Every structure is written in structure tokens, then in C-alpha cells.
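Take a look at this one chain, the form deposited in one PDB entry, written out in C-alpha cells.
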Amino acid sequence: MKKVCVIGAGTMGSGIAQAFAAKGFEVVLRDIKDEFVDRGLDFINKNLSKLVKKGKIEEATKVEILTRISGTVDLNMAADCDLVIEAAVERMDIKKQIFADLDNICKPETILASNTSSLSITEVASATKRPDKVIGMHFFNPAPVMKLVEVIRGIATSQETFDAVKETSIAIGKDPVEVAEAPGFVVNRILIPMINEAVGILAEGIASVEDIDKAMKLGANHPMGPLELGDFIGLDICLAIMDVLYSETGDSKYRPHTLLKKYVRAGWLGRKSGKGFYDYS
């Protein structure tokens, strides 16, 4: 694998383009309108800057990397790629189209991956005629820095495909784990319900938000407490993941707490809005 197309130039996709080019990959980068593309690369630049300034790298490089990334709106710039990675909108009917297109645009050895965290990789792969070569590559925010990628295997994902994607994840200095498609994969499945439990304790007046976080930081030696972490991830993001667990499994076990619903409804989503379980004023 030498050339990579990353689709969707948002926070995640542009982070993913960085991570790859910062390791010698020829990176294509598509979105839907030149505006979006630019918001994207403009996003990557700001980031390298912070590193050059921190003296974690040398301007000389930033320039170099930024020349490996080639923005675009022509979907067809992917035909050439060895690996495509979609980090578009968490909406199924669209992923299916992007994927059915790419299945046609791209040569046969291309592997089509998705960064989705809550849609079925298996179902997306059914839109193509190469489901053996469809897979999940779940990055973590922020992508250039974070080591983990959950590589999500659809039920039809071949071993060849898994192996190549795993290899590539190592070439770019990441640390992949192997996951069979299931709701929430490994990390969200375990982490988010723990946040949901914390809000359940708070809601019952068992303890306060600060004592809950402290108990977790000190009791289980966690870096951040659950509620805090909730605000940091975003409570809407947390809510939507619980929703997905509940809806996929059909198990009350994963019902999101009623209080969480209320915070989200109020627009109190945490840090990104100045207010969640804590105040950011």
C-alpha cells in the first residue's frame, strides 16, 4: 500500500490524512465542495504549526508532509488508491452510495474502509461487489496522535484484507486491534456505559459530580473521571452511542439515562458548549 484516499475532510478525516502523510504516504483527499476541502487542509496546517512551534518537528517537514496531501472533489481521484478510508457523515444511505461508487471507480485490489463508529460495516459492504475488501478502520480523536485503531471486520471481510490493513496501521505507527463487528466495538461498548452509570448515580443523589469523578480518578486510578470525560467527549456523542447500543442489542441494559437525555436536550453538551455536568465559563 502506497497511496491512500481519505474521504471527508472533517475533524476525523483530515486528522487521518495527516497521520498518513506524516509517514510518507501519497494521500488523496476528497470532500464535496472546495470550501470543505480547504477548511480541511487549513485544519491540518494549523496543526503542524503547533508542532513546529512546540519544536516537535521542523517547518521543513510540515511543508514536506503538506505536499503529500492533494485536496479534491472529483471522487475519481481514488481510482488509483490502494486503500480508501471514508470518514463522512454518520448516515447509512450515503455511505452505501459512496461505497457503491468507489466499488466502481477503484481498481479491484483497492480496499474500502470506513471510520464509522456506529453503522454496520457488514451492511455497507453489501452495497459493493467486493465485501471481502470492505472493512472498518476506527481511529481515535485526535487521529495523528492517538495510537489505537480498532480494525473492524465485517462478517465478509477476508483475512487478506484484515492483514493488509493491520500492516498499514503499523507502517503509520499505529497499534491495531482486531474486532468482529458488534455494537460499540470494544472501546465505546465499555467506556460509554460507564459514563452512563455515572450519570445514573448522580441522578439518584448518591454522590456529586466532583466526588464521582474523584472516586473514579483515585479509586480506579483513571486519568479523568466519567462525567468530566462525558463533557470532554460531548454528551450528545455519548447519548447517541448509548442509543446505538440499545437499538442494536435490544437490551435494556444499555438504555441511556433519562438525565443524560435532559442535559443534551438543553444544549448542555459539555466543553464544546461551555456547559455539561461542569461549567466552562
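When you see a residue number, it is the position in the sequence shown, counting from 1.
A second form of this protein, the form deposited with a small molecule bound, is not displayed here; the remarks below concern that form.
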Practice item. Among 132 to 140, 155 to 163, 194 to 202, 173 to 181, mark the stretch whose residues have heavy atoms within 4.5 Å of the small molecule in the deposited bound form. Key: 132 to 140
Point to revise | Whether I32, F36 and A88 all lie within 4.5 angstroms of the small molecule in the deposited bound form by heavy atom | key: yes
Study note, to complete from the structure: Residue within 4.5 Å of the small molecule in the deposited bound form by heavy atom, from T116, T122, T128, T110, is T116
Practice item. May I ask you to check whether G13 falls inside a 4.5 Å heavy atom distance of the small molecule in the deposited bound form? Key: yes
Point to revise | is_contact(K95, the small molecule) in the deposited bound form, heavy atom dist at most 4.5 Å | key: yes
Check your understanding: Should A9 be counted as a contact of the small molecule in the deposited bound form, where contact means heavy atoms within 4.5 Å?
Key -> yes
